[PDB]
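Here's the structure we're looking at; comments come further down.
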Amino acid sequence: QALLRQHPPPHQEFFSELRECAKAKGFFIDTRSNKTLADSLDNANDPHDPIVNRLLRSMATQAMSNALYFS
RNA sequence: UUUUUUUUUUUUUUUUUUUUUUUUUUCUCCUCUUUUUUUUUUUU
């Protein structure tokens, strides 16, 4: 008896096009664990432009799952 | 030195009654365009 709030893990297909655009300028990423997701993200810092990180994490933010309650 | 007579304003009053807003038409009718639909997160 309580009410908790989950974010069940994602699946590859919202990452697929992400990788596509990731596979266009340089960066290699992989999708196996939120640890290595966040690590292989936060390093990639394109030198001569600022938008890249925002934009990439924003397509990343178009990927994932939902947060809903359950007993 | 000029007398006498020729009516006038219809009579009547001491009759019963048990309903009810309105009211009566007008036909079938091509909604144009990046999408699957995004989604955690924190500050109200």
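FYI, nothing fancy with the structure tokens labels: chains A, B, ... in order, residues from 1 per chain, ligands from 1 as they appear.
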
Within 12 Å of chain A: residues of chain B, using only C-alpha atoms (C1' of nucleotides), as a PyMOL selection string | chain B and resi 36-41

Residue selection dump (N, CA and C atoms (P, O5', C5', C4', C3', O3' and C1' of nucleotides)) as a PDB file, in the first residue's frame:
```pdb
ATOM      1  P     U B  36       0.981  10.819 -37.889  1.00  0.00           P
ATOM      2  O5'   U B  36       1.923   9.814 -37.089  1.00  0.00           O
ATOM      3  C5'   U B  36       2.388   8.613 -37.687  1.00  0.00           C
ATOM      4  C4'   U B  36       3.574   8.049 -36.946  1.00  0.00           C
ATOM      5  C3'   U B  36       3.331   7.639 -35.503  1.00  0.00           C
ATOM      6  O3'   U B  36       2.714   6.371 -35.372  1.00  0.00           O
ATOM      7  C1'   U B  36       5.330   8.894 -35.642  1.00  0.00           C
ATOM      8  P     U B  37       1.868   6.030 -34.051  1.00  0.00           P
ATOM      9  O5'   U B  37       1.584   7.460 -33.409  1.00  0.00           O
ATOM     10  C5'   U B  37       1.837   7.710 -32.032  1.00  0.00           C
ATOM     11  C4'   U B  37       2.691   8.941 -31.852  1.00  0.00           C
ATOM     12  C3'   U B  37       2.842   9.424 -30.412  1.00  0.00           C
ATOM     13  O3'   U B  37       4.123  10.029 -30.248  1.00  0.00           O
ATOM     14  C1'   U B  37       1.812  11.112 -31.698  1.00  0.00           C
ATOM     15  P     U B  38       5.255   9.302 -29.374  1.00  0.00           P
ATOM     16  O5'   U B  38       5.936  10.502 -28.574  1.00  0.00           O
ATOM     17  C5'   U B  38       7.017  11.223 -29.142  1.00  0.00           C
ATOM     18  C4'   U B  38       7.212  12.566 -28.482  1.00  0.00           C
ATOM     19  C3'   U B  38       7.554  12.551 -27.002  1.00  0.00           C
ATOM     20  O3'   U B  38       8.910  12.213 -26.739  1.00  0.00           O
ATOM     21  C1'   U B  38       5.874  14.171 -27.420  1.00  0.00           C
ATOM     22  P     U B  39       9.786  12.898 -25.571  1.00  0.00           P
ATOM     23  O5'   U B  39       8.835  12.961 -24.294  1.00  0.00           O
ATOM     24  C5'   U B  39       8.881  14.078 -23.409  1.00  0.00           C
ATOM     25  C4'   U B  39       7.753  14.042 -22.410  1.00  0.00           C
ATOM     26  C3'   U B  39       8.034  13.208 -21.165  1.00  0.00           C
ATOM     27  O3'   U B  39       7.329  13.728 -20.037  1.00  0.00           O
ATOM     28  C1'   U B  39       6.214  12.273 -22.339  1.00  0.00           C
ATOM     29  P     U B  40       8.123  14.459 -18.849  1.00  0.00           P
ATOM     30  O5'   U B  40       9.118  13.324 -18.343  1.00  0.00           O
ATOM     31  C5'   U B  40       8.658  12.195 -17.611  1.00  0.00           C
ATOM     32  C4'   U B  40       9.753  11.637 -16.742  1.00  0.00           C
ATOM     33  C3'   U B  40      10.440  12.651 -15.843  1.00  0.00           C
ATOM     34  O3'   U B  40       9.765  12.820 -14.606  1.00  0.00           O
ATOM     35  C1'   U B  40      12.065  11.340 -17.001  1.00  0.00           C
ATOM     36  P     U B  41       9.209  14.263 -14.167  1.00  0.00           P
ATOM     37  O5'   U B  41      10.235  14.762 -13.054  1.00  0.00           O
ATOM     38  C5'   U B  41      11.387  14.000 -12.718  1.00  0.00           C
ATOM     39  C4'   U B  41      12.641  14.835 -12.789  1.00  0.00           C
ATOM     40  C3'   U B  41      12.433  16.344 -12.847  1.00  0.00           C
ATOM     41  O3'   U B  41      12.315  16.949 -11.569  1.00  0.00           O
ATOM     42  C1'   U B  41      13.964  15.667 -14.543  1.00  0.00           C
TER      43        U B  41
END
```

Enumerate as a ChimeraX atom specification all residues of region 4-69 of chain A assigned to helix (DSSP H, G or I) by DSSP on the backbone, naming them with the chain letters and numbers the document uses.
-> /A:12-22,34-42,51-61

Save the residues we just selected, N, CA, C and O atoms, as a compact mmCIF listing (two decimals), in the first residue's frame?
```txt
# COMPACT_ATOMS: atom_id res chain seq x y z
N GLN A 12 15.44 0.79 -28.42
CA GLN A 12 16.42 1.30 -29.37
C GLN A 12 15.85 2.24 -30.42
O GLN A 12 16.62 3.00 -31.02
N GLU A 13 14.55 2.21 -30.70
CA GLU A 13 14.10 2.76 -31.98
C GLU A 13 14.08 4.28 -31.98
O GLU A 13 14.38 4.91 -33.00
N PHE A 14 13.73 4.90 -30.85
CA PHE A 14 13.88 6.35 -30.70
C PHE A 14 15.34 6.79 -30.70
O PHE A 14 15.62 7.95 -31.04
N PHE A 15 16.26 5.91 -30.33
CA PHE A 15 17.69 6.13 -30.49
C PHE A 15 18.19 5.93 -31.92
O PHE A 15 19.28 6.39 -32.24
N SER A 16 17.48 5.15 -32.74
CA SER A 16 17.99 4.81 -34.06
C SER A 16 18.29 6.06 -34.90
O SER A 16 19.44 6.26 -35.33
N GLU A 17 17.28 6.88 -35.19
CA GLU A 17 17.52 8.13 -35.90
C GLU A 17 18.52 9.03 -35.17
O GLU A 17 19.29 9.76 -35.81
N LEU A 18 18.49 9.04 -33.83
CA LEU A 18 19.51 9.75 -33.06
C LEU A 18 20.91 9.34 -33.51
O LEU A 18 21.75 10.19 -33.84
N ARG A 19 21.18 8.03 -33.51
CA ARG A 19 22.45 7.50 -33.98
C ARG A 19 22.74 7.92 -35.41
O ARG A 19 23.87 8.31 -35.74
N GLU A 20 21.73 7.81 -36.29
CA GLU A 20 21.83 8.35 -37.64
C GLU A 20 22.45 9.74 -37.65
O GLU A 20 23.49 9.97 -38.29
N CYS A 21 21.83 10.69 -36.95
CA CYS A 21 22.38 12.04 -36.94
C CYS A 21 23.69 12.09 -36.17
O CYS A 21 24.58 12.90 -36.49
N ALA A 22 23.84 11.24 -35.15
CA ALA A 22 25.12 11.05 -34.47
C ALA A 22 26.17 10.48 -35.42
O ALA A 22 27.35 10.85 -35.34
N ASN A 34 22.21 3.52 -18.99
CA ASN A 34 22.13 4.95 -18.72
C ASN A 34 23.48 5.51 -18.26
O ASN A 34 23.79 6.68 -18.53
N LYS A 35 24.29 4.68 -17.61
CA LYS A 35 25.65 5.08 -17.24
C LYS A 35 26.45 5.44 -18.48
O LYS A 35 26.95 6.56 -18.62
N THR A 36 26.59 4.49 -19.41
CA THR A 36 27.43 4.74 -20.58
C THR A 36 26.75 5.68 -21.56
O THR A 36 27.44 6.41 -22.27
N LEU A 37 25.41 5.70 -21.60
CA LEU A 37 24.71 6.78 -22.29
C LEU A 37 25.21 8.14 -21.81
O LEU A 37 25.71 8.95 -22.61
N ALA A 38 25.09 8.41 -20.51
CA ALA A 38 25.44 9.73 -19.99
C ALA A 38 26.93 10.02 -20.16
O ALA A 38 27.32 11.15 -20.46
N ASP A 39 27.78 9.00 -19.98
CA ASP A 39 29.21 9.22 -20.15
C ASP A 39 29.56 9.51 -21.61
O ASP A 39 30.11 10.58 -21.92
N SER A 40 29.27 8.58 -22.52
CA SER A 40 29.53 8.83 -23.92
C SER A 40 28.80 10.05 -24.47
O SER A 40 29.11 10.49 -25.58
N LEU A 41 27.83 10.62 -23.73
CA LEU A 41 27.32 11.93 -24.12
C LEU A 41 28.21 13.07 -23.62
O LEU A 41 28.75 13.84 -24.42
N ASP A 42 28.35 13.19 -22.30
CA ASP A 42 28.86 14.43 -21.71
C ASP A 42 30.26 14.79 -22.20
O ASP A 42 30.65 15.96 -22.12
N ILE A 51 25.95 24.88 -30.21
CA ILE A 51 24.59 24.32 -30.27
C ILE A 51 24.59 22.80 -30.12
O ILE A 51 23.57 22.22 -29.75
N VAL A 52 25.72 22.15 -30.40
CA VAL A 52 25.73 20.71 -30.66
C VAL A 52 25.22 19.94 -29.44
O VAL A 52 24.42 19.01 -29.57
N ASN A 53 25.67 20.33 -28.25
CA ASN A 53 25.33 19.56 -27.05
C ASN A 53 23.85 19.69 -26.72
O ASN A 53 23.16 18.68 -26.51
N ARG A 54 23.36 20.92 -26.59
CA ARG A 54 21.93 21.19 -26.48
C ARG A 54 21.12 20.37 -27.48
O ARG A 54 20.21 19.63 -27.09
N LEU A 55 21.44 20.50 -28.77
CA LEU A 55 20.64 19.86 -29.81
C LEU A 55 20.65 18.34 -29.65
O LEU A 55 19.61 17.68 -29.78
N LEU A 56 21.83 17.77 -29.36
CA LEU A 56 21.95 16.33 -29.27
C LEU A 56 21.17 15.80 -28.08
O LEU A 56 20.38 14.86 -28.21
N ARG A 57 21.38 16.39 -26.90
CA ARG A 57 20.59 16.01 -25.73
C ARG A 57 19.10 16.27 -25.93
O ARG A 57 18.28 15.66 -25.23
N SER A 58 18.73 17.16 -26.86
CA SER A 58 17.32 17.44 -27.07
C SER A 58 16.68 16.38 -27.96
O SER A 58 15.53 16.00 -27.75
N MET A 59 17.42 15.88 -28.96
CA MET A 59 16.97 14.69 -29.66
C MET A 59 17.00 13.48 -28.73
O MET A 59 16.14 12.60 -28.82
N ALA A 60 17.99 13.44 -27.84
CA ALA A 60 18.00 12.47 -26.75
C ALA A 60 16.74 12.59 -25.90
O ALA A 60 16.18 11.58 -25.47
N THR A 61 16.30 13.82 -25.64
CA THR A 61 15.10 14.06 -24.85
C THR A 61 13.81 13.80 -25.63
O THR A 61 12.74 13.72 -25.02
```

Extract, using only C-alpha atoms (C1' of nucleotides), all DNA, RNA and protein residues at most 7 Å from residue 3 (chain A), discarding same-chain residues fewer than 5 positions from it, and format them as a ChimeraX atom specification.
-> /A:69-71

Quick one: pull the distance between CA of residue 11 (chain A) and CA of residue 31 (chain A), Å, one decimal.
-> 8.9 Å

Which of chain A counts as strand (DSSP E or B) under DSSP, as a count of residues only please?
-> 6

So which one's closest to residue 9 (chain A), A:32, A:45, A:50, A:27? Using only C-alpha atoms, please.
-> A:32
